[PDB]
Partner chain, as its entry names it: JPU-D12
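This document starts with one chain, in the form deposited without the partner chain, laid out as structure tokens.
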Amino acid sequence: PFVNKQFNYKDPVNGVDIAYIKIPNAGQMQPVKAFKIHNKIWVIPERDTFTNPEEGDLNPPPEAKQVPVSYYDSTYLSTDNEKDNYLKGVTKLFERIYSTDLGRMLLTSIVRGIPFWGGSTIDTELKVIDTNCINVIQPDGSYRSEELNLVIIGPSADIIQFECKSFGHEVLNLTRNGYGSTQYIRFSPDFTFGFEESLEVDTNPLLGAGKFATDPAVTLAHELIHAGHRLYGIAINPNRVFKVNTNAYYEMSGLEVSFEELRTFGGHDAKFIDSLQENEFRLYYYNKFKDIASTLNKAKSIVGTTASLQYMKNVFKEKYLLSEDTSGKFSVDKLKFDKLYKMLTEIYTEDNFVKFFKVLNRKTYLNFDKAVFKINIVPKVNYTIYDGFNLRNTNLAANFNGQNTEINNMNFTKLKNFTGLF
């Protein structure tokens, strides 16, 4: 299993994989109970009022002001039972993802994608960037710094606004310079989205109530794919967008979708990014990798004592798949770079995960959500690692009946309709 231990929210802290921690949000905060579910990966069963000190208010704004696709509930994830269920739900989804070859590949890439040690001012020393770490309270009450790659945390005010967040740098654009940075994914396994089986209906803002439910494993995988891009510092600048001209409703509103999102979805959506620009990005990141290789060449000493210089240089040799000549200098091989870049951007996509999970899912990112449902994937009678909602040897096994909210209605409670509100 990906998660060797079946944590319970109330398990006593041990200061190792169950502990009170603080994140480097450049601000003050009371420690929060966190769980380390796998090497380099932690889960914080709390609403995220930490990564952005300006988004610490969960209370729903006036009914008069609150956009279309959004859902508020200041009380969600405030009780120990909810946190216990949250932990178990997130764990189950990691197992579902890991149970597929594609998921195993993605999670392996994520664990190997340690954020680069480029926090030093002297080019002759390798130093970690502290915002790619968390402070763990040890048994003696003292804090120790631990590097990590990924944190799954509850959503902020808008419960369904799932996304990847990471701490920036005063000068370096860590998610776009090949360095990478610790990724915090706002996510909840307790809700999901409703979509429509007919493409003409799903991509229309005035039609459909959301007959089918999105499998939460796909939603989490989508965020993990973004995390992968960001951990390897190859995310596409959000200002690079596609002026949607394939959907009259998007067009009439001049809506634009970032290339990063189209890439992440994959399939035909990825084709909206022309060859000219794809080549531009590819060369840009190849050069960034070259800079990382040269920085490693100049590294003559290492700061700290958490690992040897040789160990860390090797850690990044494996991450970026660099080559090493007779002398001992690192270089970026074109074939190896293209292979890794392609793996992270074309192999790891939402569309491919749908193929592996054998689930029904939106056929494109360019659609309109229909509704949000409350769900509970923890009980095996409701959802499993192997089949999600479409439980084998039951009436829900075929035709995605488990995702059909009308057939499997006991597993979904519609909380809000979005159709007609755009």
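Positions refer to the first chain, counted from 1.
Below: the form deposited with the partner chain bound, not depicted.
**Student:** Which residue among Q310, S78, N287, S301 has a heavy atom within 4.5 angstroms of the partner chain in the deposited complex?
**Tutor:** Of the candidates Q310, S78, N287, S301, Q310 is the one lying within 4.5 Å of the partner chain in the deposited complex.
**Student:** Is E318 close enough to the partner chain in the deposited complex to count, meaning some heavy atom within 4.5 Å?
**Tutor:** Looking in the deposited complex, residue contacts with the partner chain include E318, since a heavy atom lies within 4.5 Å.
**Student:** Does any part of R112 reach within 4.5 Å of the partner chain in the deposited complex? Heavy atoms only, please.
**Tutor:** Contact check for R112: yes, within 4.5 Å of the partner chain in the deposited complex.
**Student:** So, in the deposited complex, is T306 in contact with the partner chain at a 4.5 angstroms heavy atom limit?
**Tutor:** Close contact exists here: in the deposited complex, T306 approaches the partner chain to within 4.5 Å, heavy atoms only.
**Student:** May I ask you to check whether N314 falls inside a 4.5 Å heavy atom distance of the partner chain in the deposited complex?
**Tutor:** Taking the distances in the deposited complex, the answer for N314 is yes, it comes within 4.5 Å of the partner chain.
**Student:** If we check the partner chain in the deposited complex, which of the residues in 32-49 reach within 4.5 angstroms of it by a non-hydrogen atom?
**Tutor:** In sequence order, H38, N39, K40 come within 4.5 Å of the partner.
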